[PDB]
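Inspection log for the structure reproduced underneath, given as structure tokens.
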Amino acid sequence: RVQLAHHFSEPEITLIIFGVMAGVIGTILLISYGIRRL
Amino acid sequence: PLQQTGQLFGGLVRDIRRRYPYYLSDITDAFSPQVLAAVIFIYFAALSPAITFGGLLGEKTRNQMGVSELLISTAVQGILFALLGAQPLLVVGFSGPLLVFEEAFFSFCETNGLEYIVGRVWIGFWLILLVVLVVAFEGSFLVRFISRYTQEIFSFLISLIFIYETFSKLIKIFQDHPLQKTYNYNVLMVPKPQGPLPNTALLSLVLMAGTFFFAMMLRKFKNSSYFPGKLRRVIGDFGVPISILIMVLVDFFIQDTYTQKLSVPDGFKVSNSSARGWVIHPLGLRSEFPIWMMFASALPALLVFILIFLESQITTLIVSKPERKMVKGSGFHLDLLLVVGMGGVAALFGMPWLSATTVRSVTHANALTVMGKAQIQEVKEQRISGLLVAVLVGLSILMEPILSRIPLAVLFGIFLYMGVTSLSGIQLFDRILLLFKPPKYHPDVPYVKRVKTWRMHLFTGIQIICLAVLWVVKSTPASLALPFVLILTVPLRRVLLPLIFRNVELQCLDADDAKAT
Amino acid sequence: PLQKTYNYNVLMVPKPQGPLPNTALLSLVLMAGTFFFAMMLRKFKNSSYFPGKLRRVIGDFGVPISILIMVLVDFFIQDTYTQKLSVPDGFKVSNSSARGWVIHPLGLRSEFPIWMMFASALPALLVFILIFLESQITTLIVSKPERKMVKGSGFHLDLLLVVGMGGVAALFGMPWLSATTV
């Protein structure tokens with residue numbers, strides 16, 4: 001039918017969301033690596 | 001399998017190293033007629049609930065998610081789980097608790113004026129974040145605290161729910177076409193009969209009873225001493241397909257009486273072409289999706305993760321007990337990761353989240369179980385069976401002329417057979433039977449010859465109270481609290497039960513491998 | 001027969017003159033349920049469930065319990081018609097225009113000829129052969145030593161009683177009877 005226009009397309013927005021999620025996961029992993037050592 | 005290594009993704013790597021060496025055997029071990037019979041069984045056993053649940057959702061959600069989405073999602077996730085899973089015998093498919101959720105969403109999205117299909121694109125997005133952290137931090141090691149108590153309570157409750165739904169469908173069929181003195185002989189049939197019809201309910205009851213009777217008789221004929229052993233076991237393996245074929249022919253040769261048949265969509269298209277496409281924009285279809293609900297989706301994501309985790313892990317515990325002769329290994333971390341990740345990915349395309357259903361997976365394991373000279377000998381553990389089941393589920397749309405002549409009452413008898421056969425291995429059901437038996441007829445088992453009879457009966461009765469409590473919660477609008485009350489049985493076993501039972505009694509009654517302490 | 005359409009205006013007395021819906025299927029359901037309950041109660045007699053005395057008492061009454069259960073099931077279905085037992089109104093002959101309770105050996109309406117009084121021996125021989133074989137083979141079956149019969153059976157007294165009572169009842173226009181096997 002007719003969908004609302006967006007600045008980002010579906011692949012672009014899903015890549016951005018997955019990149020943010022991967023960054024959060026990596027930050028959490030690095031923090032957990034920092035703990036249990038010092 | 002549930003030990004904690006302390007390494008990030010430690011459980012995930014160990015699961016791959018445990019099962020993937022047996023990948024060559026997981027294809028060559030399927031070359032047997034029992035595997036084909038199990039495929040024919042599980043094809044219907046997974047297709048019929050898939051058709052029913054999608055059609056229900058198509059009603060509770062202006063056909064946003066329907067049979068087409070629940071069939072395509074089931075096919076894709078089943079294929080990917082059979083090809084890459086650590087316990088391929090699990091059948092991943094929609095469920096009741098997941099419908100109760102995907103119903104609250106529409107009662108929440110409709111109230112707040114939000115997009116239902118776009119809110120999920122966000123729940124599935126939040127689902128991927130949770131599972132990766134749980135798998136990396138070895139969150140599946142908490143499953144080792146789910147003992148035989150919780151496993152058997154959950155299995156007995158789920159089997160009772162399955163049998164009750166199977167009987168309630170027949171009750172609904174009887175109510176829709178009651179036994180009346182007169183009927184309107186000119187009633188519109190499309191899409192469904194608009195009035196009561198003669199002989200419909202009685203024929204449905206006859207078909208269900210005959211299907212169940214034939215399935216049970218062929219199952220008993222498998223263990224019987226008639227015919228040559230090879231032919232006898234071959235016929236016994238195909239007992240369910242033979243019963244289905246016999247009852248399908250019986251209904252087919254009765255032309256005049258109407259019985260409800262399997263209905264599948266016309267083609268591979270979305271349920272509501274006026275609502276959504278195949279790929280749903282995470283920012284919204286018609287209106288811009290609010291930013292606050294993007295962060296507010298964590299709580300529904302937490303609920304979905306809890307439901308899927310409990311269902312899949314308890315099902316894996318049930319199907320991979322050491323007493324079932326599973327000598328290939330099961331991976332808790334890999335299966336959970338695959339299921340939740342596939343659900344999160346399929347949330348993007350508008351396809352439902354699926355979980356390892358208990359009854360279907362237990363039936364799949366039992367249909368591949370080989371009985372030696374009464375005693376379990378081996379299980380046909382292979383990936384071809386689940387892969388073929390998923391492929392046939394995906395191809396169910398294209399084989400409409402075959403499915404359009406299969407009554408639902410035949411499937412009702414098959415469901416009753418599955419329900420009665422899923423209670424064999426549960427010691428809770430065994431101890432329920434001992435409540436109606438004299439103590440001198442009790443079997444030579446550790447929980448009888450080392451524990452007093454009344455103590456065992458009290459222990460069984462405590463479990464029965466938990467079953468009643470879980471049944472009451474299911475029959476309430478707050479039925480999504482069922483996983484929490486189910487989890488609360490673990491503190492009951494680990495804390496309150498030792499206050500009234502000795503260590504030897506709890507070891508005999510709650511044994512991880514049915515051992516005499 | 002199972003039909004797409006039925007005539008809702010069907011005469012019921014003395015018996016339904018047309019096909020009726022839900023009749024044959026309900027009869028099949030009742031028969032299957034009765035057989036299932038009887039067999040399950042027979043298994044339950046030898047089963048290990050319940051106290052032995054109560055379990056054996058229930059198993060002994062298995063057939064009456066199944067009959068009662070299925071009769072109640074059919075009774076709680078008012079609309080559907082099922083064929084029931086039919087006994088006569090009273091202790092009267094079936095045809096009062098043909099014969100009475102005592103039949104004259106010389107004839108009722110026409111004079112009975114003398115030749116048939118001697119010619120009846122051959123049909124009497126056939127009846128005696130039938131009744132003798134039926135009763136004696138039934139007595140042999142029911143009195144086998146493997147059935148734990150410790151009171152004895154009579155092959156002469158029982159045959160004499162059966163055939164003599166059949167001959168006596170023949171005088172009243174009543175059927176001759178034999179010791180049926182089943």
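Labels for the structure tokens follow display order: chains A, B, ..., residues from 1 in each chain, ligands from 1.
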Which residues of chain B sit at most 7 Å from chain C, using only C-alpha atoms? Give each one's shortest atom pair and distance in Å (one decimal place), in chain and ascending residue order, as a Markdown table.
```
| residue | atom | partner | partner_atom | distance |
| --- | --- | --- | --- | --- |
| B:179 | CA | C:80 | CA | 6.3 |
| B:180 | CA | C:79 | CA | 5.4 |
| B:181 | CA | C:79 | CA | 5.0 |
| B:182 | CA | C:8 | CA | 5.4 |
| B:185 | CA | C:5 | CA | 5.1 |
| B:198 | CA | C:21 | CA | 5.8 |
| B:199 | CA | C:22 | CA | 5.0 |
| B:202 | CA | C:25 | CA | 5.9 |
| B:203 | CA | C:25 | CA | 6.7 |
| B:206 | CA | C:29 | CA | 6.9 |
| B:256 | CA | C:4 | CA | 4.8 |
| B:257 | CA | C:4 | CA | 6.1 |
| B:436 | CA | C:50 | CA | 5.5 |
| B:437 | CA | C:49 | CA | 4.5 |
| B:438 | CA | C:51 | CA | 6.4 |
| B:441 | CA | C:48 | CA | 6.5 |
```
Cut-off 6 Å: closest chain A/chain B atom pairs per residue, using only C-alpha atoms, as a tab-separated table:
```
residue	atom	partner	partner_atom	distance
A:3	CA	B:285	CA	5.1
A:4	CA	B:286	CA	5.1
A:10	CA	B:281	CA	5.6
```
With N, CA, C and O atoms retained, could you export that selection as an mmCIF file, in the first residue's frame?
```cif
data_model
loop_
_atom_site.group_PDB
_atom_site.id
_atom_site.type_symbol
_atom_site.label_atom_id
_atom_site.label_comp_id
_atom_site.auth_asym_id
_atom_site.auth_seq_id
_atom_site.Cartn_x
_atom_site.Cartn_y
_atom_site.Cartn_z
ATOM 1 N N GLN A 3 3.406 3.585 2.426
ATOM 2 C CA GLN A 3 4.132 3.622 3.686
ATOM 3 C C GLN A 3 4.758 4.993 3.890
ATOM 4 O O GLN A 3 5.051 5.705 2.923
ATOM 5 N N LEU A 4 4.955 5.360 5.155
ATOM 6 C CA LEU A 4 5.544 6.649 5.491
ATOM 7 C C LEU A 4 7.001 6.703 5.055
ATOM 8 O O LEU A 4 7.746 5.729 5.201
ATOM 9 N N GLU A 10 15.212 0.356 4.939
ATOM 10 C CA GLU A 10 15.215 -0.804 5.827
ATOM 11 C C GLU A 10 16.598 -1.423 6.005
ATOM 12 O O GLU A 10 17.002 -1.638 7.164
#
```
- Length of the CA of residue 194 in chain B to CA of residue 176 in chain B vector [Å]: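 Between CA of residue 194 in chain B and CA of residue 176 in chain B the gap is 9.4 Å.
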